[PDB]
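Engineer: Below: one structure in structure tokens.
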Number of protein chains: 2
Amino acid sequence: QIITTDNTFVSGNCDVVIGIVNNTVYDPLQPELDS
Amino acid sequence: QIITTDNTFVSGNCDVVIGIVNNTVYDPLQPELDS
């Protein structure tokens with residue numbers, strides 16, 4: 001699946017989780033608000 | 001419980017699921033976008 005904010009949750013940050021990698025998480029709401 | 005977009009998910013289409021029917025899904029975001 002495309003990684004989106006609806007497929008993930010957030011807890012803590014990148015200075016805590018070992019093995020965390022850089023990525024982009026897509027927000028489907030943004031274009032709904034823009035249109 | 002009325003069928004809404006928060007009660008369903010999409011994977012594939014109507015040419016895939018045998019037994020799938022025409023129906024109406026309510027969008028809870030649309031009326032907010034409208035304001």
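In the structure tokens, chains take letters A, B, ... by order of appearance, with residues numbered from 1 within each chain and ligands from 1 in the order shown.
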Quick one: residues within 12 Å of residue B:3, only C-alpha atoms counted, chain neighbours fewer than 3 positions away excluded, as a compact mmCIF listing (two decimals) with C-alpha atoms, in the first residue's frame?
Structural biologist:
```txt
# COMPACT_ATOMS: atom_id res chain seq x y z
CA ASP B 6 -15.42 4.97 7.41
CA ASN B 7 -17.10 1.58 7.47
CA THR B 8 -15.57 0.27 4.23
CA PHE B 9 -12.26 -0.03 2.47
CA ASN B 23 -25.08 0.54 -3.01
CA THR B 24 -24.57 4.03 -1.56
CA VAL B 25 -21.67 5.02 0.75
CA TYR B 26 -21.99 8.18 2.86
CA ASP B 27 -19.03 10.57 2.90
CA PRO B 28 -18.65 12.30 6.37
```
Engineer: Taking a cut-off of 9 Å and counting only C-alpha atoms, can you build a table that, for each residue of chain B near chain A, reports the nearest atom pair and how far apart they are in Å (one decimal), sorted by chain then residue number, as a tab-separated table?
Structural biologist:
```
residue	atom	partner	partner_atom	distance
B:29	CA	A:32	CA	8.8
B:30	CA	A:32	CA	8.6
B:33	CA	A:33	CA	6.6
```
Engineer: Can you give me chain B superposed onto chain A, least-squares on all Cα in order, written as a CSV table (one decimal) with N, CA and C atoms, in the first residue's frame?
Structural biologist:
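Contents of superposed_14.csv, freshly written:
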```csv
chain,number,residue,atom,x,y,z
B,1,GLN,N,0.6,-1.6,-1.0
B,1,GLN,CA,-0.1,-0.5,-0.2
B,1,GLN,C,0.8,0.7,0.1
B,2,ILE,N,0.6,1.8,-0.5
B,2,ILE,CA,1.4,3.0,-0.3
B,2,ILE,C,1.3,3.5,1.1
B,3,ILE,N,2.4,4.0,1.6
B,3,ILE,CA,2.4,4.6,3.0
B,3,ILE,C,1.6,5.9,2.9
B,4,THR,N,0.6,6.0,3.8
B,4,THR,CA,-0.2,7.2,3.9
B,4,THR,C,-0.3,7.5,5.4
B,5,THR,N,-0.9,8.6,5.7
B,5,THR,CA,-1.0,9.0,7.1
B,5,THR,C,-2.1,8.1,7.8
B,6,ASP,N,-2.9,7.4,7.1
B,6,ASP,CA,-3.9,6.5,7.6
B,6,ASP,C,-3.3,5.1,7.8
B,7,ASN,N,-2.1,4.9,7.4
B,7,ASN,CA,-1.4,3.6,7.6
B,7,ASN,C,-0.4,3.6,8.7
B,8,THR,N,-0.2,4.8,9.3
B,8,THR,CA,0.8,4.9,10.4
B,8,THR,C,0.3,5.6,11.6
B,9,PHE,N,1.1,5.7,12.6
B,9,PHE,CA,0.7,6.4,13.8
B,9,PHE,C,1.9,6.9,14.4
B,10,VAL,N,1.8,8.0,15.2
B,10,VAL,CA,3.0,8.5,15.8
B,10,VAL,C,3.1,8.4,17.3
B,11,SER,N,4.2,7.8,17.7
B,11,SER,CA,4.5,7.7,19.1
B,11,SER,C,6.0,8.0,19.4
B,12,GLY,N,6.3,9.1,19.9
B,12,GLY,CA,7.7,9.5,20.1
B,12,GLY,C,8.3,10.0,18.7
B,13,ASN,N,9.6,9.9,18.6
B,13,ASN,CA,10.3,10.5,17.4
B,13,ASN,C,11.4,9.6,17.0
B,14,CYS,N,12.2,10.1,15.9
B,14,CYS,CA,13.3,9.4,15.3
B,14,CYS,C,14.5,9.2,16.2
B,15,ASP,N,14.5,9.9,17.3
B,15,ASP,CA,15.6,9.7,18.3
B,15,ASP,C,15.4,8.6,19.2
B,16,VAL,N,14.2,8.0,19.1
B,16,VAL,CA,13.8,6.9,19.9
B,16,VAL,C,13.9,5.5,19.2
B,17,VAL,N,13.4,5.5,18.0
B,17,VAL,CA,13.3,4.2,17.3
B,17,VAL,C,14.6,3.9,16.6
B,18,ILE,N,15.3,2.8,17.0
B,18,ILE,CA,16.5,2.4,16.4
B,18,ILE,C,16.1,1.6,15.2
B,19,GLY,N,16.6,2.0,14.0
B,19,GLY,CA,16.2,1.3,12.8
B,19,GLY,C,15.2,2.0,11.9
B,20,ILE,N,14.8,3.2,12.4
B,20,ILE,CA,13.8,4.0,11.7
B,20,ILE,C,14.5,4.7,10.5
B,21,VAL,N,13.7,4.8,9.4
B,21,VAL,CA,14.3,5.4,8.2
B,21,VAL,C,13.5,6.6,7.7
B,22,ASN,N,14.2,7.4,6.8
B,22,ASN,CA,13.6,8.5,6.2
B,22,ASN,C,12.7,8.0,5.1
B,23,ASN,N,11.5,8.5,5.0
B,23,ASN,CA,10.5,8.1,4.0
B,23,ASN,C,9.5,9.2,3.7
B,24,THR,N,8.5,8.9,2.9
B,24,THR,CA,7.5,9.9,2.6
B,24,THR,C,6.1,9.3,2.9
B,25,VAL,N,5.3,10.1,3.6
B,25,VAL,CA,3.9,9.6,4.0
B,25,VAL,C,2.9,10.5,3.2
B,26,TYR,N,2.0,9.9,2.5
B,26,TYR,CA,1.0,10.6,1.8
B,26,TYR,C,-0.2,11.0,2.6
B,27,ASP,N,-0.6,12.3,2.6
B,27,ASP,CA,-1.7,12.9,3.3
B,27,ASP,C,-2.9,13.0,2.4
B,28,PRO,N,-4.0,12.2,2.7
B,28,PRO,CA,-5.2,12.1,1.9
B,28,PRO,C,-6.2,13.2,2.2
B,29,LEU,N,-5.9,14.0,3.3
B,29,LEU,CA,-6.8,15.1,3.6
B,29,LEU,C,-6.4,16.4,3.0
B,30,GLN,N,-5.1,16.6,2.9
B,30,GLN,CA,-4.5,17.8,2.3
B,30,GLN,C,-5.2,18.2,1.0
B,31,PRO,N,-5.3,17.3,-0.1
B,31,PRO,CA,-6.0,17.6,-1.3
B,31,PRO,C,-7.4,18.0,-1.2
B,32,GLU,N,-8.1,17.6,-0.1
B,32,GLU,CA,-9.5,18.0,0.0
B,32,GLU,C,-9.5,19.4,0.5
B,33,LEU,N,-8.6,19.7,1.4
B,33,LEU,CA,-8.5,21.0,2.1
B,33,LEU,C,-8.2,22.0,1.0
B,34,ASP,N,-7.4,21.6,0.0
B,34,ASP,CA,-6.9,22.5,-1.1
B,34,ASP,C,-8.1,22.9,-2.0
B,35,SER,N,-9.3,22.3,-2.0
B,35,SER,CA,-10.4,22.5,-2.9
B,35,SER,C,-11.3,23.6,-2.2
```
Engineer: Taking the backbone alone, and naming residues the way the document does, which bits of chain A are alpha helix (DSSP H) by DSSP, as a PyMOL selection string?
Structural biologist: chain A and resi 29-34
Engineer: Export, as a PDB file, in the first residue's frame, the selected residues with C-alpha atoms.
Structural biologist:
```pdb
ATOM      1  CA  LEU A  29      -6.659  15.259   3.563  1.00  0.00           C
ATOM      2  CA  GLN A  30      -4.462  17.970   2.127  1.00  0.00           C
ATOM      3  CA  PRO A  31      -5.953  17.845  -1.458  1.00  0.00           C
ATOM      4  CA  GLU A  32      -9.491  17.615  -0.086  1.00  0.00           C
ATOM      5  CA  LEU A  33      -8.919  20.888   1.714  1.00  0.00           C
ATOM      6  CA  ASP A  34      -7.156  22.418  -1.306  1.00  0.00           C
TER       7      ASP A  34
END
```
